[PDB]
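Protein chains in written order, with the numbering used here: chain H, 2 to 222; chain A, 21 to 238; chain L, -14 to 205; chain E, 21 to 238.
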Amino acid sequence: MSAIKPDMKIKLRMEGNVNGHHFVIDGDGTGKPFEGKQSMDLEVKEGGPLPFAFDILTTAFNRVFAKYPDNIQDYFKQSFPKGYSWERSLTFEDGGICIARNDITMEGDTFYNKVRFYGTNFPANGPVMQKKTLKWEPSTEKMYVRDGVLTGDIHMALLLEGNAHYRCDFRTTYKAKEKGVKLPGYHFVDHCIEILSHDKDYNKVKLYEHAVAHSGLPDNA
Amino acid sequence: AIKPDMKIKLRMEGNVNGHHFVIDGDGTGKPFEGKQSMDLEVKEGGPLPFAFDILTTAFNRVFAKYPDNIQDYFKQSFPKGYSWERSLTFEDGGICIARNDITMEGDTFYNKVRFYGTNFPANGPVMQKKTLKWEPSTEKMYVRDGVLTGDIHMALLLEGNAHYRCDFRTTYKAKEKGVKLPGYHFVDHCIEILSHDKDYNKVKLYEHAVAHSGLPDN
Amino acid sequence: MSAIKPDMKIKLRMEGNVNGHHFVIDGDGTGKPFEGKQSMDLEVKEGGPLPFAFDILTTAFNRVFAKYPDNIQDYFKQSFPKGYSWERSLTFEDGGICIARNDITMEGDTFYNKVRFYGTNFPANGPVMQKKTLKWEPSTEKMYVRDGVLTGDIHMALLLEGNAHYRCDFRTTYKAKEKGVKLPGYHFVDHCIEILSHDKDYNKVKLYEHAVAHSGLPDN
Amino acid sequence: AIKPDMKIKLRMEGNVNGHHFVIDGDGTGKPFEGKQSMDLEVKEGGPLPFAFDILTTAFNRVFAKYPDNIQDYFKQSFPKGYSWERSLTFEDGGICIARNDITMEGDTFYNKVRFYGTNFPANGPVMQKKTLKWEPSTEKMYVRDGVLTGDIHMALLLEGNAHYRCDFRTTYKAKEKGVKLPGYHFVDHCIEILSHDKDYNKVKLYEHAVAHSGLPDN
């Protein structure tokens, strides 16, 4: 009943500020919500070349794109056609801290995303300011309800140059715009986000994500 | 460069839990006494749907009494100025990031303030407005990776006598190169809403701050 | 390695102290290292009945029992006959902190486990001290190397009476006793741990665990 | 009930990153003056393969000078005593927990102390013994769910002049029923290793602590 199509278009605008550095980034993409896959082309419109690792932004560029089995309530697909919003904190191991918010609507065959991303206290010689990141590793988000609110936790890690890892704790709260959307029980979403291609300074980036929900062992087998 | 009696002009724009607002400030202080106060008026998005107290530390470390034996980073930052960025991490998962760009012209400090906040639970003391005041505090000032940083254990006193904790981390950066960094030291703070109309569209705010070196010196 | 047999026995003694409460717990179990499964009977020997939730103890009662595929280096199985030890911090959401450690050796077809578990700062009214826990949820541990030391991080959650969850961050460091045990790259271990039965005061508990390593999406 | 001059007897047992140790302490102090010192001797585990500094705040809040306008929980706990439990969360993932049970008879405080630590990085400043001292600090004392609790932003000064931060959360509980709880207040602390032998098998330790109510009261 979402009126979501097997093939959806995606438009996005992000505005934000990290360590005092302002930026605006536009995105235009497409995806398959029932296969849990999406991809997007991003262009930095203000603030480029970004003076920090593009990677920290990428998870902010929609859990509608996650393959849900029939036995787990899919809160995100049921939030539509109206939509939903999420709010996230990204707590990095060296004290960098970011918060982000997305309001997601839908017209026709298109999701519209209004994304804000603010961060500070990244050390000047850390991997983020020094642009030493290579990618996010795959991850598994733990989804559960806390005082009526769908919440997601993830231990994330950025692979660095030299092959060390730089850890980050995500916590996201998700809220349907309409009242009454039924809450799922405790479950998982596996993710893998990748930059497919980019120019030298990441002014232009092609992003891809794949996500699948599941119930853990022994169920996931 | 810094006068004993200074004025303060301020504009804040911000968004907390999806709610946009703009607040203007006009005040005065005595930089060498560590004192200031300001009148605030909500110009847009009023009355705020959340506790005004979360905003008050965002409304200038130039207003702190520094003794002779501690480098005063802030007073040395003028006339060019400095800026600060701060995370406010509340215990129920509410999180804000605030920043201020502070310039000077004649006897007046200008402050351009941004305040962004997410993840305050609908039933927590912030959205339910159960806050009474911040407790006084002692900020620990130190240097990390070349940057002057302050951490503070903050707490808001609540209706019903409990406290709601918040961890502050602020980075401070002089606009001019080669301003000399101080060593590890402390700044005691007391901030207080002296008065306010019913809905907090208008607020009179006061702060007192004194830098020190901890025991056994203090 | 040839040191690990398809059926292994387990002997275990745990001593610890939680919120000033001393206890000792014995255990005797069996597992199937290549199936990723094990099972144990535990008995409280001193300090029973425990005044706190038995669940906080259960992950302290051996990553050898995890099913590893061929394309991921299996540090745990590789570490025998000599063995390995691990040390873990359990940081619960209300300020309760536990520190646990196991030193694991092998004699014949048996793992011997020297386990310590210590805990402080559990609020008297919290679910641990009030015994409101029902079970750990299944979990996914992130395994990576930090400074030449194999490390696992896990977002764990205890399901509580009333349907809410009580959160805990695990961080475990694993150290082979010998130097020449090749380190794996970044990978995952799914876990599911379960108390199969227990008597009223948890003086006697039967415990079970199933674990499987994988490499995340798209492989799986 | 507490004398102006008290003896202190202590033993600590613990284990950091898998290394076991037993340490004995014999000291004296002046409870009403907030001053204390103690001679420590390593009895087992010597020489310690980690920074002795991480242990020193586990080696009694009765030794803090309280003004009359703040309820002194610790002194009011005696003769029966009290216990404290602490978590020490280091910025690099090192974490310790500690507990002390404190009793008294006549002129002597007795201490039964346990200290456990883990996940310190083999190359970090604790395992490499690159710490110099703790900075002075200010502990925020407040009541949470009927329990007196203290939070501190601690920092170890390191060789090379960086600071290694630690967050301390302590809860304190009187043994006897009905000890009245204080309002929100502060305790300034300064701890110092006065002298030590080469591998810290023997150490002289000193602390001074003074409770206060923050600005403006000073």
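Yeah, the Cβ is synthetic: ideal placement off N, Cα and C, and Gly gets one too.
Collapsing the DSSP output to three states places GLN91/A in coil.
Assigned with DSSP and collapsed to three states, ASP27/H falls in strand. Inclusion of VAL129/H and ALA61/H in the CB contact set at 7 Å is not warranted, their separation being larger than that value. In this structure, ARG156/L is the residue among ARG156/L, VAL130/L, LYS164/L and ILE(-11)/L with its C-alpha nearest to the C-alpha of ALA85/L. For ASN106/L, the closest alpha carbon among the candidates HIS216/E, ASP46/E and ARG106/E is that of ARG106/E.
In this structure, DSSP gives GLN23/L an extended state, which the three-state scheme calls strand.
For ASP73/A, the closest Cβ of chain E is not nearer than 7 Å. Taking 7 Å as the cut-off, the Cβ atoms of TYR119/H and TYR136/A count as close. Residues of chain A with a Cβ closer than 9 Å to the Cβ of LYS150/E do not exist; the shortest Cβ-Cβ separation is about 16 Å. Using a 10 angstroms sphere on the CB of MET91/L, the tally of other CB atoms reaches 16 or more, which defines it as buried. Residues are counted here when their Cβ sits less than 8 Å from a Cβ of chain A; for the stretch 106 to 135 of chain H these are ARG117, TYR119, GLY120, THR121, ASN122, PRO124, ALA125, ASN126 and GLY127, given in chain order.
Excluding its 5 nearest sequence neighbours in each direction, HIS40/A has C-beta neighbours in its own chain below 6 Å: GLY65, listed in chain order. In the DSSP assignment, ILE5/H falls outside any alpha helix (DSSP H), carrying neither H nor E.
The Cβ atoms of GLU227/E and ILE213/E do not sit closer than 7 Å to each other. Within chain A, the residues placing a beta-carbon under 7 Å from that of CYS210/E are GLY234, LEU235 and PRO236, ordered along the chain.
Residue pairing of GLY49/E in beta bridges, as defined by DSSP: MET26/E and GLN56/E. For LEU143/L, no alpha helix (DSSP H) segment is defined; the enclosing uninterrupted segment is the beta strand (DSSP E) at 134 to 145.
Straight-line spacing of the CA atoms in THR128/A and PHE110/E works out to 42 Å. Interface annotation for the stretch 85 to 116 of chain A against chain H: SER103, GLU105, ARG106, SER107, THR109, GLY113, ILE115 and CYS116, criterion Cβ-Cβ distance under 9 Å. Of all alpha-carbon atoms in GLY38/E, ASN37/E and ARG31/E, the one lying nearest the alpha-carbon of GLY47/E is that of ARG31/E. Chain-order list of chain E residues neighbouring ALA231/A: empty, with the shortest C-beta distance near 11 Å, by a criterion of under 9 Å. In this structure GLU20/L touches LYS52/L by the C-beta definition: roughly 6 Å separates them, less than 8 Å. Chain order gives the chain E residues near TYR204/A as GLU155, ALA175, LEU177 and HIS183, where near means a beta carbon separation below 8 Å. Chain E has no Cβ within less than 7 Å of the Cβ of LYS55/A. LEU201/E is positioned such that its CB atom lies closer than 7 Å to that of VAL163/E. In the assembly as shown, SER157/E is a buried residue. Its beta-carbon has 16 or more other beta-carbons within 10 Å.
Listed along chain A is no residue with a C-beta nearer than 7 Å to that of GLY49/H; the closest approach is about 21 Å. Residues of the stretch 161 to 173 of chain A with a C-beta atom less than 9 Å from some C-beta of chain E are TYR162, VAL163, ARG164, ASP165, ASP171, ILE172 and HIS173, listed in chain order. Of the residues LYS218/A, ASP88/A and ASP25/A, the one whose Cα lies closest to the Cα of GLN56/A is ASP25/A.
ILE41/L: not part of any beta strand (DSSP E); member of the alpha helix (DSSP H) spanning 40 to 43, first to last residue. Against chain L, the CB of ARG31/E has no partner CB under 7 Å away; the residue lies outside that interface. For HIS228/A, the nearest CB of chain E lies under 7 Å from its own CB, placing it at the interface with that chain. For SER97/A, the number of other beta carbons within 10 angstroms of its own is at least 16, and it is reported as buried. Judged by beta-carbon spacing, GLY38/E lies beyond the 7 Å limit of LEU60/E, meaning their Cβ atoms are not closer than that value. When DSSP states are grouped into helix, strand and coil, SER157/A belongs to the strand group. Chain A has a Cβ within less than 7 Å of the Cβ of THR174/H.
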